[PDB]
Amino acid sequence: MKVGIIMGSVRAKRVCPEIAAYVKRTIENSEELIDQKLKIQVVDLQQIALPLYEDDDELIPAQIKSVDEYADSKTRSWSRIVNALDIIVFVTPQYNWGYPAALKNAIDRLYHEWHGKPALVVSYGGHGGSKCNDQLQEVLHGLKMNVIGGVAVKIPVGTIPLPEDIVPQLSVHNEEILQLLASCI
């Protein structure tokens, strides 16, 4: 079944891909999970480029029951991508003790596509991005997602790309990410 790794950052130079790459390759090389052949998709919101100010729909997304009911075509396309996901791993930075606007914008554009789906929040920042993790988990709860958990990944702020010597040390989180993902499958 499909695992969507949704990146939160859309900054031109950013750490998000490195974290998303770690999460992808952690699931892939996992011994428990090599058998369940999960298919993995890294979703780049910089590439989707979901508009902030233009939105043809005037109905609340909760009021929308299916994809064809959306007046907006860019929403419908984003609706398909997310609907095709069975498990979602949000890989997100923390901006000012909160979640990035690009991620919140994309999350808020949809509704029924999130329902009941397991969601793991992998945050990152100077102190793991714990405050963003906390906040985003609550937004996922509001969407009635099955919030598996949240892992907070410490990085050295200001250093892109990550040092050679810290990349290996991301793998301290391997056991928790895998125990959480596996018991869900």
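Numbers for residues come from their place in the sequence shown, where the first is 1.
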Assert higher mean C-alpha B factor (116 to 124 or 60 to 68, deposited values) equals 60 to 68
Using only the Cα atoms and their B-factors as the entry lists them, report which of 151 to 159 and 32 to 40 averages higher. 32 to 40
For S73, the third of its chain by CA B-factor is the highest
If you rank the chain by CA B-factor, which third does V23 end up in: lowest, middle or highest? lowest
Third of the chain, ranked by Cα B-factor, where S9 sits: lowest
